[PDB]
Every structure is written in C-alpha cells, then in structure tokens.
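S.K.: So that we are looking at the same thing, I have put the structure below in structure tokens.
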Amino acid sequence: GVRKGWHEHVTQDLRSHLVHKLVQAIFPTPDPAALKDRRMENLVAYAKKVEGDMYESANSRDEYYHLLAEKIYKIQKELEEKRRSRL
Amino acid sequence: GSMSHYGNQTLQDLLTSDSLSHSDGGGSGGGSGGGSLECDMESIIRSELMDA
C-alpha cells in the first residue's frame, strides 16, 4: 500500500537476499542446503512477511534495509548467547 | 521470567525456531532475481546486515 516510488530502487534480488539472511538468523541453519529445503518455504515465508512489514514501514529501501538489519543483527547475537549460556 | 514479557520475543521465537531444525516444513524453497544493492554491498552487508 501507499505510493512509494522507491520501489524502483529496490529489487526482488535485494529484498529476497535480505530475507535469505533473515532465515539464517531466525533459523540457525546446520547447513546452507537447508536454505533450499522444504523447511525453507516456511522459514522464508516468515522472512518475506517480516521484510514486507519493514519494507512498508520504511520510506526508502536504504531505511528498510537498515532497520531490518538491526533486527536481524540483535537476533543473531540473541541466538548465539541463548544457545551458548544465558539461562 | 516470562515467555511473553515484551522484548523477550527474541529469545522465545528464536528458541522455537532453533528447535524448528527438527521439523518438516512444506515442499517449496525460494527464489530470487534482480540486482541493485547486494552486488557491491559485500563488506557493508556482511557487517551491517550481519553474516556472522
């Protein structure tokens, strides 16, 4: 929704690329081939929906990509320490 | 201290998705195509988007 002409400055590859990393972050993948698996449609389904939220939340791809990168970043360190030892 | 709490979604959801390794899924995978920022974003994307 909303007319946001910056959509011409962002491609499917860019968005799907970020979304792919989202999966890497939401799903600590045991192998890169799990990223092209049937479980992947689910993982990427989340990633697409989340990226879509921030895509629409932002007023530039630069912005959407920045703020989304911040969320993924905190998630990755969250997962690492939660797995390592925090509780 | 609470599974909800707010802000604790990170821990919960990521733990749930951690255990999602032993889960099935659907049937499809993914797709891409294009090229604008990723192309020479290499070092920046690694650092800021976080490819650990």
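Lettering and numbering for the structure tokens are positional, with chains as A, B, ... in the shown order, residues counted from 1 in each chain, and ligands counted from 1 in the shown order.
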Within 7 Å of chain A, which residues of chain B are there when counting only C-alpha atoms? Please give them as number ranges by chain.
M.R.: B: 10-11, 14, 17-18, 24-30, 32-38, 48-50
S.K.: Limited to C-alpha atoms, could you put the picked residues into a file as a PDB file, in the first residue's frame?
M.R.:
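Writing the result to selection.pdb gives the following:
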ATOM      1  CA  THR B  10      13.711 -12.604  20.557  1.00  0.00           C
ATOM      2  CA  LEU B  11      14.679 -15.364  22.974  1.00  0.00           C
ATOM      3  CA  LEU B  14      14.450 -17.846  18.189  1.00  0.00           C
ATOM      4  CA  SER B  17      12.851 -21.580  15.508  1.00  0.00           C
ATOM      5  CA  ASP B  18      16.051 -23.209  16.839  1.00  0.00           C
ATOM      6  CA  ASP B  24       9.247 -30.770   8.460  1.00  0.00           C
ATOM      7  CA  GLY B  25       8.061 -27.776   6.509  1.00  0.00           C
ATOM      8  CA  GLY B  26       6.289 -27.748   3.189  1.00  0.00           C
ATOM      9  CA  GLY B  27       7.642 -28.525  -0.236  1.00  0.00           C
ATOM     10  CA  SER B  28       8.811 -25.342  -1.917  1.00  0.00           C
ATOM     11  CA  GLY B  29      12.057 -23.449  -1.430  1.00  0.00           C
ATOM     12  CA  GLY B  30      12.966 -19.968  -2.518  1.00  0.00           C
ATOM     13  CA  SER B  32      15.374 -14.523  -6.316  1.00  0.00           C
ATOM     14  CA  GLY B  33      16.386 -12.355  -9.283  1.00  0.00           C
ATOM     15  CA  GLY B  34      17.339  -8.730  -9.749  1.00  0.00           C
ATOM     16  CA  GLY B  35      20.362  -6.830  -8.541  1.00  0.00           C
ATOM     17  CA  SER B  36      20.764  -3.355  -7.149  1.00  0.00           C
ATOM     18  CA  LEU B  37      22.343  -3.060  -3.702  1.00  0.00           C
ATOM     19  CA  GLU B  38      23.688  -6.583  -2.910  1.00  0.00           C
ATOM     20  CA  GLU B  48      25.635  -4.187   8.915  1.00  0.00           C
ATOM     21  CA  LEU B  49      23.166  -6.942   7.892  1.00  0.00           C
ATOM     22  CA  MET B  50      25.294  -9.446   9.740  1.00  0.00           C
TER      23      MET B  50
END
S.K.: Return as a ChimeraX atom specification the full set of residues in chain A whose backbone-based DSSP assignment is alpha helix (DSSP H).
M.R.: /A:12-26,40-57,61-84
S.K.: What separation in Å, quoted to one decimal, exists between atom CA of residue 55 of chain A and atom CA of residue 3 of chain A?
M.R.: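 Taking atom CA of residue 55 of chain A as the start and atom CA of residue 3 of chain A as the end point, the length is 12.3 Å.
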S.K.: Report the distance between atom CA of residue 60 of chain A and atom CA of residue 6 of chain A in Å, rounded to one decimal place.
M.R.: 5.7 Å
